[PDB]
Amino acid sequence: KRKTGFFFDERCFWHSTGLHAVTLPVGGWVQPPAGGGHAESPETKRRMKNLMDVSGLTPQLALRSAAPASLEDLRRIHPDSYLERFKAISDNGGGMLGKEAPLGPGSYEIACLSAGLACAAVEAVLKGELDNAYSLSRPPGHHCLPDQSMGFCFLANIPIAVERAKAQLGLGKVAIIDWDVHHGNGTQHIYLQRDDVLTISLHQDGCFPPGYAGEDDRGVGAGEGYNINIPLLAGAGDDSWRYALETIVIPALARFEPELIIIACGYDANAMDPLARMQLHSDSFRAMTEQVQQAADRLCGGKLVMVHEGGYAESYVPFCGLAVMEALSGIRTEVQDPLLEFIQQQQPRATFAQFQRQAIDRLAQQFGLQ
């Protein structure tokens, strides 16, 4: 029993993105969906929170909202030309922020809140008010570039919070581990030339951005050696993800000695996700959380923040999220994941598993960790 913060706000569930057929834009040869048409849907996030409430976990956590991120907070990462364009589109009823970047009315102010929840989570943990913290930040941040929206992300949530903590709370070295199944291209870009932040991304080889693996992208100038990409094979499951973490990430954290670990916590590597091809189950996410909590215990006095990114499986993500929040709080509810055993049976056999283990061995050797 740690004191665990859960930062959320009902207004984050109000952001919308127009009419899509799953995640395809309607029009041309894409027929409008007969029902639901939300690209980045609030339902997964709300269902996680709803399950935390009925399981009895929520009253045992420290619940918080936050003030939105200020214009000054945003300007540590983003230029005003981008910000002004995003706000213009938001203020005028929603629309497109260049192609494939759909937002809705009031999305600007809801993105600032999202980023503000991450800012406050980082601060509460840094000041010792909380041992650790989870931010239910929607819309997500990890694909966002300084001057370009991408992958449903409009502001760089984690970098905004980190930059703000560097300027106002004397934060030093920080490691950002991104286990959303997609590549954290926005985080990578922002800290590419910087040695005061270690950015690690585990992701499906080639998934999004499409065709990017990135094992050879290590950082530039002072930043060289401070960016790690682990492109796992599509189809990998629990054994592979946990081995990448044991074999690459924990050793890399040990070498870098951070003052704070931040997880970019997506659940879209879960076995039922339509936006990737990985095979994780809720125990996978429980075990990964355990491993990074333990690292944090060893390295930075238990200081761990998690910020929600992706996950599109509407009925399965809540179990994965509850599992994380259970591991992070050290409280186990009575909930039993009704798919766990089914997904355990689907996991890749030893041939694939050994092959992926070998690929991860080669990566750790390439990064000087073996």
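For every residue, the number given is its place in the sequence shown, counted from 1.
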{"query": "Between 232-240 and 188-196 (mean CA B-factor, as deposited), the higher", "finding": "188-196"}
{"query": "Entry-level comparison of average CA B-factors, 32-40 and 57-65, reporting the higher stretch", "finding": "32-40"}
{"query": "Residue selected from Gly93, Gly116, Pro210, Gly141 by maximal Cα B factor", "finding": "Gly93"}
{"query": "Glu84, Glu109, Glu100, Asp273, ranked by C-alpha B-factor: the highest one", "finding": "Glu100"}
{"query": "CA B-factor ranking of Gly206, expressed as a third of its chain", "finding": "middle"}
{"query": "Ranked C-alpha temperature factor of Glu224 among modelled chain residues, by third", "finding": "highest"}
{"query": "Lowest, middle or highest third - CA B-factor, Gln294", "finding": "highest"}
{"query": "Entry-reported Cα temperature factor of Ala350, expressed as the chain third it lands in", "finding": "highest"}
{"query": "Chain third (lowest, middle, highest) by recorded CA B-factor, residue given as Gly104", "finding": "lowest"}
